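Have a look at the structure below, then the notes.
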Amino acid sequence: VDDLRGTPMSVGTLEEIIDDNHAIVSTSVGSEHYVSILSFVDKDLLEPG
Amino acid sequence: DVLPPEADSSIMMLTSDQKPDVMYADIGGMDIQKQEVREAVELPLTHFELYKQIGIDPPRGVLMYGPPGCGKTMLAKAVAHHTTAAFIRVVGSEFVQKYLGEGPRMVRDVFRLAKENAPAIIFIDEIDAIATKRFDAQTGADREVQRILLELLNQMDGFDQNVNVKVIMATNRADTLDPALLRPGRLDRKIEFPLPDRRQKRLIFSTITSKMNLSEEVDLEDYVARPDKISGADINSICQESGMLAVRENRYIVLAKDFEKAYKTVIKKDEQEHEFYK
Amino acid sequence: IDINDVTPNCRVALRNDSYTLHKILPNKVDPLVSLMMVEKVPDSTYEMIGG
Amino acid sequence: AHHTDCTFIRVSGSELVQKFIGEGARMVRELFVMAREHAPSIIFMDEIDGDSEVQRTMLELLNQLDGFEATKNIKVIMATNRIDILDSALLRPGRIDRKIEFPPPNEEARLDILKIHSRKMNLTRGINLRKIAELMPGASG
Amino acid sequence: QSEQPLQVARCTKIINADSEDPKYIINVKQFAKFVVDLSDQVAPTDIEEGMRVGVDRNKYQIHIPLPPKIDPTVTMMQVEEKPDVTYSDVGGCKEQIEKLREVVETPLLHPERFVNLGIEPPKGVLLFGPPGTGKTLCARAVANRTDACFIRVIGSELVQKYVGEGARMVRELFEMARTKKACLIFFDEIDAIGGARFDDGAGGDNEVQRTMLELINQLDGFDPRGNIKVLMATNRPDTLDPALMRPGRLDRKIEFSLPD
Amino acid sequence: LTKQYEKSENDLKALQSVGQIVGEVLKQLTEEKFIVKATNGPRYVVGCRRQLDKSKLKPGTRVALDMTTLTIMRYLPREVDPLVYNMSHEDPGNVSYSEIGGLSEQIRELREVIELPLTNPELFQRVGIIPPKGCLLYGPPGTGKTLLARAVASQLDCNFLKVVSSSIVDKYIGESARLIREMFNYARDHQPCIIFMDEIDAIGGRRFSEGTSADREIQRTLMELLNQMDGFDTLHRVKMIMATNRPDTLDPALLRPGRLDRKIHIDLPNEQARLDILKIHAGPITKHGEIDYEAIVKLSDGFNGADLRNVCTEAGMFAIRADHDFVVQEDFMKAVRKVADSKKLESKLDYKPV
Amino acid sequence: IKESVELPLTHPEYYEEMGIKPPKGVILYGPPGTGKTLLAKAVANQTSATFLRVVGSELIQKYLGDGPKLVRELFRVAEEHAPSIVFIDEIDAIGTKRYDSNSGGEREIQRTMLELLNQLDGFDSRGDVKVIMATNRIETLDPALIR
Amino acid sequence: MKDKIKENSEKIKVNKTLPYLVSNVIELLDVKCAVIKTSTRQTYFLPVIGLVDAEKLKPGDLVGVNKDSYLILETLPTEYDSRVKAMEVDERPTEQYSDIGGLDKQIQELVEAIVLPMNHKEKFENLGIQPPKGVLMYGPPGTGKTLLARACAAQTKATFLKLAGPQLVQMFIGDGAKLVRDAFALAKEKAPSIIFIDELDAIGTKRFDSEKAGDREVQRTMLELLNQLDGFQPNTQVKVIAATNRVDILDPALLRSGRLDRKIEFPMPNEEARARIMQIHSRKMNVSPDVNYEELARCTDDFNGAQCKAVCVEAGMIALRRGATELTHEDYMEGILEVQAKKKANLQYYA
Ligand SMILES: Nc1ncnc2c1ncn2[C@@H]1O[C@H](COP(=O)(O)OP(=O)(O)OP(=O)(O)O)[C@@H](O)[C@H]1O
Ligand SMILES: Nc1ncnc2c1ncn2[C@@H]1O[C@H](COP(=O)(O)OP(=O)(O)OP(=O)(O)O)[C@@H](O)[C@H]1O
Ligand SMILES: Nc1ncnc2c1ncn2[C@@H]1O[C@H](COP(=O)(O)OP(=O)(O)OP(=O)(O)O)[C@@H](O)[C@H]1O
Ligand SMILES: Nc1ncnc2c1ncn2[C@@H]1O[C@H](COP(=O)(O)OP(=O)(O)OP(=O)(O)O)[C@@H](O)[C@H]1O
Ligand SMILES: Nc1ncnc2c1ncn2[C@@H]1O[C@H](COP(=O)(O)OP(=O)(O)OP(=O)(O)O)[C@@H](O)[C@H]1O
Ligand SMILES: [Mg+2]
Ligand SMILES: [Mg+2]
Ligand SMILES: [Mg+2]
Ligand SMILES: [Mg+2]
Ligand SMILES: [Mg+2]
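Going down the list, the sequences are from chains A, B, C, D, E, F, G and H. Position in the first sequence counted from 1, then plus 98, gives you full-length UniProt numbering. Position in the second sequence counted from 1, then plus 140, gives you full-length UniProt numbering. Position in the third sequence counted from 1, then plus 102, gives you full-length UniProt numbering. For the fourth sequence, the positions run 204 to 252, 265 to 356 when full-length UniProt numbering is used. Position in the fifth sequence counted from 1, then plus 87, gives you full-length UniProt numbering. Position in the sixth sequence counted from 1, then plus 35, gives you full-length UniProt numbering. Position in the seventh sequence counted from 1, then plus 196, gives you full-length UniProt numbering. For the eighth sequence, the positions run 69 to 99, 120 to 439 when full-length UniProt numbering is used.
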């Protein structure tokens, strides 16, 4: 799990939950990305913002 | 590597050709303001040892404030023309730049260039552009302007008594200035440029009309004695329109009718006061 | 680097790629000190107060 | 503040310093986190003279300091030109534990202030500072 | 490894859409602007001008059309836990509850009774009455009984720091309300932003009036509102704008007078 | 085709070319070292090409540097902002002074400040005055301020910068002030030049003491403009024309006679002025029968020039409604009464500079 | 005050057996210095719930919508630390005092009051949050606030 | 040389591969050369323009350049804001001039000023008159202003740009002005075209002088709109329609006779108009042949068109309430009471 996360781990903002394992997240630079939510993420802790 | 201090400056000093042609004699009737500026800017540059011996602490900066058109920028021009020190003319709105960090960078560049070329005078016209008292933390413009103002305060605070650099700020809306800029060590000399008095009005009229081919029939005291609260720019506009009317009728001598018409045109004051109130 | 020396609001140096915290830089200006630098109240003592 | 080694904090309400107080800036009591970090502290606000923001900040800080503040040795000072303009909430007994008047210096106090401030200057011997003090009726420091 | 990250961009213009080589101008947020082409796994008709897309980081070819951007504050305004109040908890409001239900609940539950007779049910209800009379209680009952998307909007939540932001929130609220087959929007204390327009010399309540005008335009404007059935409750209905108090925006005016 | 092959080979040679980063020379350190700042980027210590002059690389000179080594490849003239280029290359519409009625006095005042000083500077030098550089055309809406500016731009043979003040506002930090600076830099580099900023109250409004961040940015733009009109550097052979129908809201520093020297009031037309405007706008109208312009003037009290053009348009529209190929006096009567009726919805117009 | 902010937490069985929810809100009103804030301090001394103290004048913000935002966040924090007691001291000071830093005038104060109305009794379900308000001028409060 | 030409084109195709970097041509120098600004906020100098003729370029032109060499590869169409492109109608609403009751004079006044100049332009050039520029439609809510806008968009083949005031109110400075001028440019490029600005009072609020604060940004947007309507560049190819409930709020510079030549008042529908509106809105409704629309019109004093439509809607509600499949006159009479929204009263002691 640590290897999959890697280092460093950037801090972004959950903009939208497109799917169960897909979400649109915006980094600190204001650029949004359509990325995948990995399994070990606590998916019940995910809300917009 | 370490670059020379005078290098890496987006702002340049005033060259010989860039010196304004305005003289102290060109400015009419600001003896109080001239004396305050000289005692706070041009005298400490040449007589810092005298200031130290007497015990006076020379003011690091000068804030020139007053109604618009009352000789602020022109007095700065005259200082630049009649100084043996370096002059660095700048405007507050120039510091606000798209590239984040370039504003404070060029502020410290200006101060570093002035320090490296001491004696030097830094003139920042329209200081309200980077010295307002209200800042919105969620807007990039206000954040950058706050950074610029903080860098300006730090640069003025980092100038010990040894460095021979004098700072001049000019504004006509000093009520909107941040009080932190007026703290001791930053701007210890607030010189007001008020509207001309009657004696000031006649001095300005004489100085401006001395350059114009008038006729002996023109009596400037007719317009000086008028109770209109006009600025030096208003007087210059009155003389300019008198010359304009003289030119219109293909004349190279300004008569009294031209001056009367020019005064009526320029002042153009609506009564705005009903007689029943007094 | 000891984790107990990594206090909040400390200045640290992070490696180029891994961003690994590899040095605790000298602490920045205290926010109170920074605020009072711009406020710049004149320092005083009882000896300079008369009457 | 200097003699008791109490940290002197000036609260002018200026937005320029807000970034140092805190990124929130929604309440002035956000400054307390800084003050507690520098206890003993003296929170100072001067009313230059709508309603006064300095007196509102006084009311909020005093309300916090009444019984809801854990750390001690956090004192609070106002400076104001007039006492009859203060809000009735601030003039209520128990809020301001001591009100101190600073009348304009009389002849002797003016002489003392003159002696203090002329000491920083190259003075010729024999200056009659008493006469100059008499020459400044109703003067401030 | 397999699932590559996709940067979110916005399509701007389609050049040569008719031919077999259509080029798409995309605006990658704060990053840049590019002229790209669709990937082989996306139909040409699945990408339209002005819609958000997701592109790769190498050639920025459009890889997936994306839902429109909605403010998170607007997203949280939709109700996900229904209140614990039923219509049995409201007494003395039989006629008021019936009138409210036949507008906000009956058309959604049994639309077949309305389409057959060529009947267009009212799409707006204003509950008004003195405080404590049961306006928000009836709204909570509606939200508990409803099956469609229920969005609770408090008027004070539509007041924003910056100019035009409240109108933007209203626009996005009606945009995300239109992404559902049937939807209900509750405007509690609509007098916060629904006040009547006035000119007091200065800019008195200009921004709030613009927010109210945007809400009015969404309710009944050039574009059809959709299947949204709005619901507003206020204890000061006399302050509401006449254009907001007009049928087609607030068709039913249910009075929650004091109980007999 | 041989020429087709030549063009294809030209494209091939052009394809190997690489763009060069545009920066600005800050300071020559040594004979082979320079400090240059990219247009929007960091400052670099770079080299210079041996074949370059190195004497045209004064501080502030725009340069093109290699993409890889950042070596100064070339020196370029001062850049013209595309917005400023659009300002200069804006078609006024070939408007002549014969299309303006009742403003002969105002036209003369405007041409006294913008025309004569640029053609006969010694005429004003002999008297001993500096000719005015700024005029403000103010008045109720529709009186002909923009029409006057268009006629001036069409007739006067001089460089003209035409812009609307609301069109220079940009959301980027310091961009509007930079646009003002580039406008005045172009005007200085292309003397003689005239800058017409329409609807100056967009950015020339009074400076707020308790405004928002956007208001502060707009005020920074305004008083960058103020420093350009009358600041430390004297403006030579550049004239400024500013038009607004609400001069009461303008900043007092902008209205100061050092910047806006003349205040030309484009007032509502009087009886003779209304007659002139009606004759101008009813000229190309096909009519039979006597046309008593005097009656329309008498019932046109309070109208503006746009009002009288609308009177002509509505007279033609009444003609069309009756299926006619001509306009008679009765159509003008109905048109002027209809325009007078529509004039009741307009609020106060009497606004003057303070 | 004990029957509303202390007894419901220490002895909820009384209310459960009686079939009534405890009194929702409490406002302490009276002449200055009578002991309203002292009683609030005494409640805060012997409470097992999180105590949040806010002065009414603190709800007046410098930007539009920031007042309602602050009230909304205050009650969100109250909901997070449930059970909790929200002490809105000197509530009347939100209206009896006008500061020029408030961009919106009385209308922004009214919007903040409407947000407070929604938080006290509105659409959103309220957890174990008890509200205590104190004021020496209760005649200046909006009657819908203390309904 | 044909094979060499084809191989050169093949190499160009390799270099001309997507993606392009979108840039704006800033300047054209001679020592033939270009200066461009990429969307990455980078300014580049191109000694050779590239695959685009330098004559076909002007400052501000949108181009697609090589992502690596930044050499101009092609010229791109004019860039308009996505909101402006989204405010252009393409469904072309299905209304008709027969669906509007009691506004025949208003429909005629709008059509002969917006539609007639576009179609029958020869009626104006022969007359030598300029066609009316801009039409404002002001009146009480529910009079049928937006309905007439929908009808005008229905019966016109010209490009239609639906728009509301609050859409032009933007957070950032110059964004509203950019939107207004982009909409007008888009309408110009698709001329003949009509721009409908609903709720004009959102941006049309009168300017004012203040010392502390004010809404100068919305006034800047309004000033941009004023310049677009009648400014330095006379735009006589785009027709402008605006609508408002409160004409007393609008800036007098907006109500000018060059910007909004015709200011049509939409009145309360009179008795015949009210009956006609009820008949219009009862078309798709199963109504018994005994309803007296004249009587309903007599019973609906001070009813706007929206209230008249709501009368039919509530009559349908009541018919469904009692289970009847046909609407009777009593249903309309009782729905008039519902639309009136009279407060509950026990005034049975009168008379
Ligand atoms: N004492 C004076 N004697 C002669 N001319 C004067 C005097 N004061 C001002 N002027 C005139 O003022 C004009 C320019 O005004 P100036 O720039 O000095 O004003 P300011 O205080 O800097 O104005 P603002 O606050 O608007 O920047 C000059 O043309 C000059 O003739
Ligand atoms: N008709 C009713 N039947 C039963 N209980 C009622 C009724 N009306 C009010 N109540 C009770 O009184 C409380 C008043 O709160 P409610 O949300 O209904 O008020 P409101 O009408 O929205 O007031 P406000 O205008 O101040 O927002 C309800 O929570 C409920 O417990
Ligand atoms: N004196 C005039 N002679 C002829 N036409 C005039 C005159 N004044 C105004 N007009 C006509 O009025 C219309 C609008 O005039 P213009 O655009 O110059 O207005 P303006 O003064 O700039 O008003 P606003 O303050 O609204 O910008 C034009 O069609 C123009 O022909
Ligand atoms: N009834 C009382 N018994 C004991 N002490 C009291 C009593 N009333 C007030 N006090 C004392 O007075 C002090 C100040 O009173 P307190 O601040 O509680 O009054 P308040 O009514 O809330 O006033 P305000 O309206 O000014 O906020 C308290 O800390 C307490 O020590
Ligand atoms: N004269 C009319 N004839 C037919 N239908 C009408 C008439 N007036 C209004 N309506 C009906 O009213 C409804 C809404 O009217 P519309 O939106 O056009 O009003 P408006 O005057 O533009 O309103 P607002 O000023 O509030 O924007 C439509 O369903 C329309 O059919
Ligand atoms: Mg000046
Ligand atoms: Mg409620
Ligand atoms: Mg104009
Ligand atoms: Mg208390
Ligand atoms: Mg409408």
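Idealized CB from N, CA, C, for every residue including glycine.
Item to check | Contact list for the region 270–284 of chain E against chain G, Cβ threshold 9 Å | outcome: Those would be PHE273, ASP275, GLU276, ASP278, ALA279, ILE280 and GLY282, in chain order.
Checklist entry - Cβ-heavy atom distance between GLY216/H and ligand 3 below 7 Å? => result Locating residue 216/H in the eighth sequence gives position 128, counting from the first residue. No, since every heavy atom of ligand 3 falls outside the 7 Å radius drawn around the Cβ of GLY216/H.
Item to check | Where the beta strand (DSSP E) containing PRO152/E begins and where it ends | outcome: Taking the fifth sequence and counting its residues from 1, one reaches residue 152/E at position 65. Element bounds for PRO152/E: 149–152.
Item to check | Span of the alpha helix (DSSP H), counted from its first residue to its last, around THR247/H | outcome: Here residue 247/H refers to the residue found at position 159 when the eighth sequence is read from its first residue. Careful: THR247/H lies outside any alpha helix (DSSP H), inside the beta strand (DSSP E) at 247–252.
Item to check | Environment of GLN39/F [buried if 16+ CB atoms lie within 10 Å] | outcome: Stepping through the sixth sequence from its first residue, residue 39/F is reached at position 4. Only exposed fits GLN39/F, as fewer than 16 other CB atoms lie within 10 angstroms of its CB.
Checklist entry - Among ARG255/E, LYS169/E, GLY313/E and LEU271/E, which one has its Cα closest to the Cα of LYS156/E? => result In the fifth sequence, counting from the first residue as 1, residue 156/E sits at position 69. Minimum Cα distance to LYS156/E is reached at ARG255/E.
Checklist entry - Is the CB of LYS316/E under 8 Å away from at least one CB in chain G? => result On the fifth sequence, residue 316/E is found 229 positions in, with the first residue counted as 1. No, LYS316/E lies away from the interface with chain G (no Cβ there is under 8 Å from its Cβ).
Next on the checklist: Against chain D, with Cβ distances strictly below 8 Å, would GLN257/G count as a contact?
Outcome noted: Here residue 257/G corresponds to residue number 61 of the seventh sequence, with the count starting at 1. Answer yes: the Cβ-Cβ gap between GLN257/G and chain D drops below 8 Å somewhere.
Next on the checklist: So if DSSP puts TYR249/E in a beta bridge, which residue, or which two residues, is it bridged to?
Outcome noted: Counting from one through the fifth sequence, the residue named residue 249/E turns up at place 162. Bridge pairing for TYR249/E: absent [DSSP].
Checklist entry - When the cut-off is 8 Å and only beta carbons count, does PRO308/D lie next to chain G? => result Mapped onto the fourth sequence, residue 308/D falls at position 93. Yes, its Cβ sits closer than 8 Å to a Cβ of chain G.
Next on the checklist: Taking contact to mean 3 or more Cβ pairs, one atom from each stretch, closer than 8 Å, check whether the region 317–329 of chain F and the region 360–380 of chain F are in contact.
Outcome noted: Contact holds: three or more Cβ-Cβ distances are below 8 Å.
Checklist entry - So which of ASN103/E, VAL95/E, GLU107/E and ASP108/E has the shortest CA-CA distance to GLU113/A? => result Along the first sequence, read from residue 1 onward, the residue named residue 113/A stands at position 15. Checked all of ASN103/E, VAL95/E, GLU107/E and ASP108/E; the closest Cα to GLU113/A is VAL95/E.
Checklist entry - By how many angstroms is the C-alpha of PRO135/H removed from the C-alpha of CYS121/H? => result On the eighth sequence, position 33 is the one that residue 121/H refers to. On the eighth sequence, position 47 is the one that residue 135/H refers to. About 5 Å.
Checklist entry - Quick one, which residues of the region 393–417 of chain H are near chain E if we go by CB-CB under 8 Å, in chain order? => result Per Cβ criterion, the list reads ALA394, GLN395, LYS397, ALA398, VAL401, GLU402, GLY404, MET405, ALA407, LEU408, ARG409 and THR413.
Checklist entry - Does any C-beta atom of chain D lie closer than 8 Å to the C-beta of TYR210/G? => result Position 14 of the seventh sequence holds residue 210/G. No, because no Cβ of chain D sits closer than 8 Å to the Cβ of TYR210/G.
Next on the checklist: Shorter than 7 Å, the distance from the beta carbon of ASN358/H to the closest heavy atom of ligand 5, or not?
Outcome noted: Residue mapping note: residue 358/H aligns to position 270 of the eighth sequence, counting from 1. Distances from the CB of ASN358/H to the heavy atoms of ligand 5 are all 7 Å or more.
Checklist entry - So, is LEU425/H buried or exposed, given that buried needs 16 or more other C-beta atoms within 10 angstroms? => result Taking the first residue of the eighth sequence as 1, we reach residue 425/H at position 337. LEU425/H should be labelled exposed.
Next on the checklist: In whole angstroms, give me the CA-to-CA distance for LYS330/D and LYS346/D.
Outcome noted: Sequence index remark: in the fourth sequence, residue 330/D carries index 115 (1-based). Sequence index remark: in the fourth sequence, residue 346/D carries index 131 (1-based). Spanning the two alpha carbons is a distance of roughly 12 Å.
Item to check | Three-state class that DSSP yields for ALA225/B in the structure shown | outcome: Your numbering for residue 225/B matches position 85 in the second sequence. Per DSSP, reduced to three states, the secondary structure at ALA225/B is coil, with no helix or strand assignment.
Item to check | Distance between beta carbons of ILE126/C and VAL143/C, contact taken as under 8 Å | outcome: What you label residue 143/C is simply residue 41 of the third sequence in a count that begins at 1. What you label residue 126/C is simply residue 24 of the third sequence in a count that begins at 1. Cβ atoms of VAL143/C and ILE126/C stay farther apart than 8 Å, at about 32 Å.
Checklist entry - DSSP on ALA289/E, reduced to helix/strand/coil? => result Translated into the one-based positions of the fifth sequence, residue 289/E becomes position 202. Note: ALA289/E maps to strand in three-state DSSP.
Next on the checklist: Here's the rule: buried if 16 or more other CB atoms are within 10 angstroms of the residue's CB, otherwise exposed. What is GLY318/F?
Outcome noted: As a position in the sixth sequence, residue 318/F is number 283, starting the count at 1. Burial call: exposed.
Next on the checklist: Short of 6 Å in beta carbon distance, which residues of its chain neighbour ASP311/F, apart from the five on each side in sequence? Order them along the chain.
Outcome noted: For this step, residue 311/F is matched to residue 276 along the sixth sequence. If the five residues before and after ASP311/F are omitted, its C-beta is found closer than 6 Å to the C-beta atoms of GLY136 and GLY137, all from its own chain and listed in chain order.
Item to check | Pick from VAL282/G, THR331/G and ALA278/G that is closest to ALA240/G, judged by C-alpha positions | outcome: By 1-based counting over the seventh sequence, the position of residue 240/G is 44. Among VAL282/G, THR331/G and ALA278/G, the Cα nearest to that of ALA240/G belongs to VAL282/G.
Checklist entry - Using a Cβ-Cβ cut-off of 8 Å (strictly less than) and excluding sequence neighbours within five positions of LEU303/F, which residues of its own chain qualify? => result Here residue 303/F refers to the residue found at position 268 of the sixth sequence. These residues qualify, in order along the chain: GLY174, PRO175, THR178, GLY337, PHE338, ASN339 and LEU384.
Next on the checklist: By the three-class DSSP mapping on this structure, what secondary structure does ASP265/F have?
Outcome noted: Locating residue 265/F in the sixth sequence gives position 230, where the first residue counts as 1. In the structure shown, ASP265/F sits in coil (DSSP, three-state: anything other than H, G, I, E or B).
Item to check | One or two residues paired with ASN92/H in a DSSP bridge | outcome: The residue you call residue 92/H lines up with position 24 of the eighth sequence. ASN92/H is bridged to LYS125/H and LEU150/H.
Checklist entry - How about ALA331/H: is its Cβ closer than 7 Å to a heavy atom in ligand 10? => result Numbered from its first residue, the eighth sequence carries residue 331/H at position 243. Checking every heavy atom of ligand 10 against the Cβ of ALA331/H, one is found closer than 7 Å.
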